[PDB]
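Engineer:
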Amino acid sequence: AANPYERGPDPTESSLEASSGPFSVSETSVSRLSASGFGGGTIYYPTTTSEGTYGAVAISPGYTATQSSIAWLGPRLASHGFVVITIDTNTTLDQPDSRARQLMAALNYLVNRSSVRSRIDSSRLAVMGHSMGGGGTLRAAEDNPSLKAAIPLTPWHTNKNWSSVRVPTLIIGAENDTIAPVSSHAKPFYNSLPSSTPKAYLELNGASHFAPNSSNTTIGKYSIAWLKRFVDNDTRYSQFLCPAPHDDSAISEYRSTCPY
Ligand code: NA
Ligand code: NA
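Written as structure tokens, this is what we have:
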């Protein structure tokens with residue numbers, strides 16, 4: 001009752017690892033011609049409106065890719081209480097800085113022109129992307145500090161310095177990525193992020209560059225947790241992002257000199 005942005009019941013690990021959240025998901029689409037500043041998209045959104053409006057998320061594909069490579073994120077995130085647009089880019093060969101402009105154009109369409117705008121709270125927006133759309137997710141985050149959250153997935157970018165980003169960022173890289181190797185992309189990106197901005201780095205064990213293109217329980221769970229925590233201020237989701245022993249109902253307080 002205190003936080004006016006909480007949606008859905010108390011999270012558990014099970015509900016975040018499941019293939020669907022608690023909300024039924026409808027979808028619509030904007031054509032490429034209609035879409036001003038990006039190559040069209042599909043919009044996934046919670047069918048129900050009775051609990052209040054929702055935050056919105058734009059998601060961008062990578063180099064030479066279309067929405068079908070990020071398609072599974074749409075229903076996965078939308079079912080936890082989010083309006084999601086998986087876009088195509090103006091061309092499949094757009095460099096990451098282009099994709100950042102298109103990520104913002106997409107959120108612009110969603111807020112102002114789309115048929116589900118009344119369902120969005122336009123002050124609570126987030127960006128996500130894969131590969132060069134992850135680099136575009138970083139650039140868009142630096143240039144629009146009013147974003148609530150950003151999630152680069154196996155990101156790629158020639159720029160390695162992201163110290164001006166004041167938006168909470170969760171970087172998901174892949175341990176065996178041979179296309180955007182974490183040692184020269186995802187890990188440098190995270191180290192350069194400031195310590196005053198909440199941030200996180202999650203490396204997928206054994207994963208390749210194409211882990212984000214298929215349904216993935218880990219990417220799913222931690223993205224939902226990250227967006228809920230920062231697009232909704234939902235502190236019910238801190239137990240997954242900052243796990244502690246006092247999360248157990250039997251333990252009121254725990255402190256340690258961890259890590260040991
Ligand atoms: Na267009
Ligand atoms: Na407790």
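With the first letter of the sequence shown counted as 1, position 241 gets the number 241 in my numbering; the numbers rise by one all the way through.
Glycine is no exception: its CB is placed at the ideal position from the N, C-alpha and C atoms.
Within 6 Å: the Cβ of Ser249 and any heavy atom of ligand 2?
Structural biologist: Within the cutoff, so yes.
Engineer: Anyone know if the C-beta pair for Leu193 and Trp226 falls short of 7 Å?
Structural biologist: Going by C-beta atoms, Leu193 is not nearer than 7 Å to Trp226.
Engineer: Helix, strand or coil for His246, going by three-state DSSP, please let me know.
Structural biologist: Helix.
Engineer: Would you kindly work out how many angstroms separate the C-alpha atoms of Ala149 and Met128, rounded to a whole number?
Structural biologist: So the two alpha carbons sit approximately 9 Å from each other.
Engineer: According to DSSP, is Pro22 part of a helix, a strand, or is it coil?
Structural biologist: Residue state, collapsed to three classes: coil.
Engineer: Quick check: the segment 54 to 66 against the segment 224 to 240, are at least 3 beta-carbon pairs closer than 8 Å?
Structural biologist: Judged by Cβ distances under 8 Å, the segment 224 to 240 makes contact with the segment 54 to 66, as three or more pairs qualify.
Engineer: Do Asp10 and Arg236 have their beta-carbon atoms positioned less than 7 Å apart in this structure?
Structural biologist: Yes, the Cβ-Cβ distance between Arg236 and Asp10 is below 7 Å.
Engineer: Would you check whether ligand 4 has a heavy atom nearer than 6 Å to the C-beta of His246?
Structural biologist: What this structure holds is ligand 1 and ligand 2, not ligand 4.
Engineer: Find out if the Cβ-Cβ distance for the pair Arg119, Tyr63 is shorter than 7 Å.
Structural biologist: Their beta carbons are not under 7 Å apart, which means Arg119 does not touch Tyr63 by this criterion.
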